[PDB]
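Experimental coordinates for this protein are included below, preceded by the sequence.
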Amino acid sequence: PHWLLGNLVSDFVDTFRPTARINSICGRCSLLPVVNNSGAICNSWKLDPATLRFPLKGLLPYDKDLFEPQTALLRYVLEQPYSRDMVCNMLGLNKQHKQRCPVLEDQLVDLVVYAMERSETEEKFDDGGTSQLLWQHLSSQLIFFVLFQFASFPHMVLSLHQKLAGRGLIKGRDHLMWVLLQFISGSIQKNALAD
Amino acid sequence: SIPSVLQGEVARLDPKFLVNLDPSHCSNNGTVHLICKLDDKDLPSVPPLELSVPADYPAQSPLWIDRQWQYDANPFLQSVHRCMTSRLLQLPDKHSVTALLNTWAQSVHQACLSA
Amino acid sequence: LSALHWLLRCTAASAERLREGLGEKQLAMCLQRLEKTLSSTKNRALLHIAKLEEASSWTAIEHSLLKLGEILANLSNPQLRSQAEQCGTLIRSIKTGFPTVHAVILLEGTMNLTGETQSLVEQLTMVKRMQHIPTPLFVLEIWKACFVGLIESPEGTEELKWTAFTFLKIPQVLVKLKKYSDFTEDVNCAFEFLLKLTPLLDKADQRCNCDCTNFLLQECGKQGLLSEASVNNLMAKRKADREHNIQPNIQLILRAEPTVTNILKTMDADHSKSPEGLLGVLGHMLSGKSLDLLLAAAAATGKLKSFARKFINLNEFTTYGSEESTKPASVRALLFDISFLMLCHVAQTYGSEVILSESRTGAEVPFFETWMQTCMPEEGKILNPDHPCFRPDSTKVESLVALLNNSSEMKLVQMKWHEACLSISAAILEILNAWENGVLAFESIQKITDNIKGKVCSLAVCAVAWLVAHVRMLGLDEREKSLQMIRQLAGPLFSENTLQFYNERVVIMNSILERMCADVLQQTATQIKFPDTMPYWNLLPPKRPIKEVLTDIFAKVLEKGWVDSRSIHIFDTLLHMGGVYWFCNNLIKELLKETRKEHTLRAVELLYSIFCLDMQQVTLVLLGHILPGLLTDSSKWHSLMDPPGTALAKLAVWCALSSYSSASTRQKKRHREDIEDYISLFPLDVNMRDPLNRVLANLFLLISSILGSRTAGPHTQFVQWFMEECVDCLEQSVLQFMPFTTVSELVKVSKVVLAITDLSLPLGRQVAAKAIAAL
Amino acid sequence: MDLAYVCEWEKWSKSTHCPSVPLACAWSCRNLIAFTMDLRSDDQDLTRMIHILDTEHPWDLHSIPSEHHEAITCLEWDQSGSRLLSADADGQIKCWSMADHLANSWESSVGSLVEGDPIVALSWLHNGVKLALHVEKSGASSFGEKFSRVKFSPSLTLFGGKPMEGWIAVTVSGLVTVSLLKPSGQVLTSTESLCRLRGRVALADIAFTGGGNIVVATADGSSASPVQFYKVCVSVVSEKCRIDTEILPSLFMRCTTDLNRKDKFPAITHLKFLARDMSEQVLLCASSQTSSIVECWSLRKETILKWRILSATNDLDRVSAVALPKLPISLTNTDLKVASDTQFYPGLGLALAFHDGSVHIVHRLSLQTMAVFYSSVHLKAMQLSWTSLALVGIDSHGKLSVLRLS
């Protein structure tokens, strides 16, 4: 607040702490759905497409985690197979209009670097070992989200470049190149080569 | 040093007052401080009434530095303090030094006639 | 005074009624008015100025006080007896170590061993008068500082300098203190104070490898600080506490100082012009550590200047060539080498200003003085390789390159060695150009370097000096060839044609070339490995910002409580690097974020000694830039709180007094560099063109303006404290610059600045009693 | 030459009891002056305010209350006119940008910090655009002939032809720091010492070269010590900034080898490259308490590279401020001839204020005085304009004056 009001306003908002405490589903950050492709989305899991925050009724002083971007929920849903329509129903994507949704793009990049880390752990003790399954699902999911311009290719690639490097993540770079080959081979003729 | 308007206002006072400068407090850097007196058939209670006349006299009406330490411990002095303070409250803005002296005198007289 | 006497009589009568009674609150009220009157500074000052006019009533005051104290002390109260004790102390009112003497002694030991004792005695008497130090604790801090600095010294020549500093400079300091002030009883007390500290003395004895307290007590007996009976019972105590083939360095130094005097008096005359005797004596000198012992003794005892004059005059005598055959000139060239190499070693160790003549009537400045002036690298001196000093002729330099390409000289019978040494720079310049064009092979370069470094070693030093200047100017990729020249000039010995004393000249020359090349070989990572000898060199971390260095060293100096030698060297390099303003401002910031009384007082007692690196410039920054910025800024003066603020006011007044009453070579160079207009900096609405008078006048104008204004806050408490320690710290003058309106205003804001300043004449009481009015 | 206006503070001058500080001044491409002054009334933040004065409406002076705890050393506009770097003693480079595209509301979200070390030189990185003006083609009736781009390379190109934006600052220790602004809000910082021998840098300056190398000149004020030179190369190794320095040929200074009376002028007081992107010529200014010497030097090769002097003034008063031109003239021999014949002198002048009132507009190449303006108190900061027809200047009072040079 302003330095002249000070305590007079701040303590006031603190007395609205119990009301916000009434209107909070406890453990809402750690509750996760079971992803069904059926549609008819329950509106509990909808996030804000601008900032990945839960949409909150009122202007109360809610608990400090409810003002954070819910990346855990979105990463859990993107890691599941056939969670294509559910991510659109969460982030309000519509497919009649292309938008370049940025937080979706950053979450997809972080999913790729997480897959690269978990491939660089060993990937050789267990041949299947959930790694190549993850890379196949990453291929399918990322093809859809870059193809309809909900995310974009070159910002994704150069942000991916900024996350790698120094990290020294080199054992499964062939898989990452394969996924990029899926995008390029899918859409080289539609866009200019400078992309 | 001292502005000419203050000198003229002093020269044209009623002989009841014996205004003088103030070398006691920190002065000669800000405003002009005065301990004048009360000498008349009335009462000489608390003669100093320290008055700080700021520079550029035809503005920023002078303020009386309050001293409640001496005006207490006595009923008459408490009454004169109360009435003179109320009369300063009723005084119009941009008042002069002669106005404060006259309202001080008439407030003392009101305290005399009341008790 | 009469009302105080009546109040004392009221307490006496009421206490007598209390004794006869045993609610008697009359004693409580009487004592309350006693402490309420006497608690004010106005009233105690008024009673002190009332003292003078009415003598012998004070006697009755104190006798009534004594009877009062008896009758109250018999009938004690859980609260009133403490009150009566407090009021009695008030009517009568009408340690730790001393880190500053420690750090001043350790600073003078570390930086200028060669400084005169009078400056040190003046500074120590100053410090003793600022903070009022008893004489036994003062001399104890001197000895403790000396021994601690000896123990913490690195092995090598610094241990020699510290042994010479304790055993030869400090007794002369105590002698001049005995002159310039019952000293034997105090120094004996301080010696018993010291002899309690057995672990310090045993650590020192392990480094000394002898009883260095015995040598101290015999030395202070020789100087006359101590009586002989005191010396003998102190040595008895020390032996009793001690019970629970090579000579040590202290005996060598104490016997080597008379050899310094007698070597002066015998080599005035060139051993009656016998240069072979000179060669024998100087070859004994270059035998291990003997030169360093003589130099440490001569530096600690003030005779380094005469020693340098003697070797310089010997050098001038052996410059030219007498008509000779070979085994007389082969002696004369060796005399040139020994005198030159020892003069370079002196100038690299004890500074260059002992080599200077400081007045040469006539143009006949010697060869070594000009060579050192224009051609030798020092710490703050970087040289121009194409200065006109390095380009003497074209005639002689072709004769010299033909001379170096002839064979092993063979013509040393007449060389005029000053001309040769001045010409080597142009010679190796042409050699370098020949090698850069490729006309010269590497193998002929080896021949030329052998002809330089073989017969006479000073030629290698002159060539390496020019090479260091020339490599410092070059770029990165252009350097590669010229560094090889140093690798051949500073390489291991050329053999089988050496004149005499070759290995010792090689050892001294390797030291000189280390200290010449070190900076350039730091710029590019190049290891030459000439042969620790540079113990305090390259101290800063390579990448860390320099405030972290400053705050870490000041944190460690506070948590120890004294300033190390290494810490003194890093503080010097940071003062040279970040400048005075940055240094003083950051140390004062680190003061002002302390919250304890103990740590603030210790930090101030250390920071005075740290600022004694360049006291004068630090006072100009402190009273001119830091303090007006803290007093004028309205947001800043919350930092001027009670605990750090009193300490800061103390440090400012100590700095002002010590700068008024009135030191390192970097600081001398940098203040000679500095240009500033203090008349323009401080426009001001004795000389008054001396900048310190201008800063002091400006500061006192600021103080009067702060005291006179409204809005009293912490800054007003600061200027009150500043004026109070100006009063208390003075003997009598910094306060000559005070405006006379401050006399009026200071007792308008309250006291002691009147009652001390008046000097108490019968008319002086009238002005005193007048001042104590208003508030 | 002539005085257009003099803008003074009203009653807010008479700084008392606290000494003066050096001022900064920066004229942008859009005509906005950013400058600091020593107001010193009831606060020291009145010496930490950055005044923005639009030159068409000077009465309206905006005053950014910068949160700089020590005194502002350097101000620096962008290559455009849209951002302003400001750095003070004790680190803290702040990058002010406009708020809501108003020239009256500035706010900094981005900055660097090398704590405790005073910034002594500061520069934006070069974006590779450089054009040259051919005065002899003034009638040539096509703008491609008059103004032509000169194939300059930007330091740190990133994935395309596009330069990164960022700054490089040089501290009073040996430290240099580079901060690179991403197209996103991220900022990469790196500090590294200039050379291994860490030493005082009391004056410093930054130029750029073709090839994307920064060239930074350091001096320690002593005027008998060399003015050293370093080549800095920026890179983005992996994902972070990476600085590669290399020593260049240093120079000493004449008036020290004068040998008649060499001791005078013991302080180098201004070090300036002749223009940023003109890294081969250097203007130095040695000064005593009363007199001074400016000198121009050049790197020109034959030791391959070697600093040789071009010219020097005879003896002056003490130079209080120095302003170098910004108009990028083509500087070769035919254009010198035609600009001497047709008297075109906008890009060939430096302005030298002095400690008396006078101001000298002096030639670039051979420093002979072209004009003299007597003030009828000295200019503590000067700046020429981008077309170099007017120079702005802050005095040793509150006065800010704009002079027109014909």
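Structure's in. What do you need? Numbers count the residues shown, from 1 in each chain, chains lettered A, B, ... in the order given.

Need the contact partners of the helix or strand where residue D:402 lies.
Assessed by DSSP states H and E, residue D:402 sits inside strand D:400-404. Residues outside strand D:400-404 that contact it (CB atoms under 8 Å, 6 or more residues apart in numbering or on different chains) are D:1-8, D:33, D:35, D:53, D:55, D:58, D:359, D:373, D:389-395. Every C-beta, even on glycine, is put in place using the N, C-alpha and C of the backbone.

redo that, cut-off 10 Å
Here strand D:400-404 makes contact (CB atoms under 10 Å, 6 or more residues apart in numbering or on different chains) with D:1-9, D:25, D:33, D:35, D:37, D:51, D:53, D:55, D:58, D:61, D:351, D:359, D:361, D:373, D:375, D:379, D:381-382, D:384-385, D:389-395.

Pull up the pairing partners for it, direction included.
strand D:2-7 (antiparallel), strand D:390-395 (antiparallel) (DSSP bridges).

So for the last one, what gets flagged as buried?
Spelled out, it's strand D:390-395. Using 16 or more other CB atoms under 10 Å in any protein chain shown as the test for burial, strand D:390-395 gives D:390-395.

Looking at those residues, spot the one nearest residue C:647.
Among the buried residues of strand D:390-395, residue D:394 lies closest to residue C:647 (CB to CB), at 38.9 Å.

is it true that the closest one touches residue D:75?
No - between residue D:394 and residue D:75 there is no contact under CB atoms under 10 Å: 11.8 Å.

got any residues that touch both of the two?
Here residue D:394 and residue D:75 have D:23-25, D:33, D:35-36, D:381, D:383 as joint contacts, going by CB under 10 Å, 6+ apart.

Looking at these, which are in strands?
Among the shared contacts of residue D:394 and residue D:75, DSSP state E puts D:25, D:33, D:35-36, D:381, D:383 in strands.

Can you select the buried ones among the residues you listed for me in ChimeraX?
To isolate the buried ones among these in ChimeraX, judged by 16+ other CB under 10 Å, type:
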select /D:25,33,35,36,381,383
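
Arrange the ones in strands among the shared contacts of residue D:394 and residue D:75 in CSV, one row each, with distance to chain C as further columns.
Converted to CSV, those look like this (distance: CB to the nearest CB, whole Å):
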residue, distance to chain C
D:25, 20
D:33, 25
D:35, 20
D:36, 16
D:381, 16
D:383, 22
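
near chain A, from the ones in strands among the shared contacts of residue D:394 and residue D:75?
Near chain A, taking CB under 10 Å from any CB of the partner chain as the test, no member of those is found.

Find the pair from the ones in strands among the shared contacts of residue D:394 and residue D:75 with maximum spatial separation.
With CB to CB as the measure, no two of these lie farther apart than D:36 and D:383, at 12.8 Å.

what touches both of the two?
Listed contacts common to residue D:36 and residue D:383 are D:24-26, D:75, D:394; contacts here mean CB under 10 Å, 6+ apart.

So which of those is the closest to residue C:188?
Using CB to CB, residue D:24 is the member of these that sits closest to residue C:188, with 63.8 Å.

Nearest residue to the closest one in space, ignoring adjacent ones along the chain?
Spatial nearest neighbour of residue D:24, chain neighbours left out: residue D:75 (4.2 Å); criterion: CB to CB, 6 or more residues apart in numbering or on different chains.

For the one you found, which three-state class applies?
Using DSSP: H, G, I helix; E, B strand; the rest coil, the structure places residue D:75 in strand.
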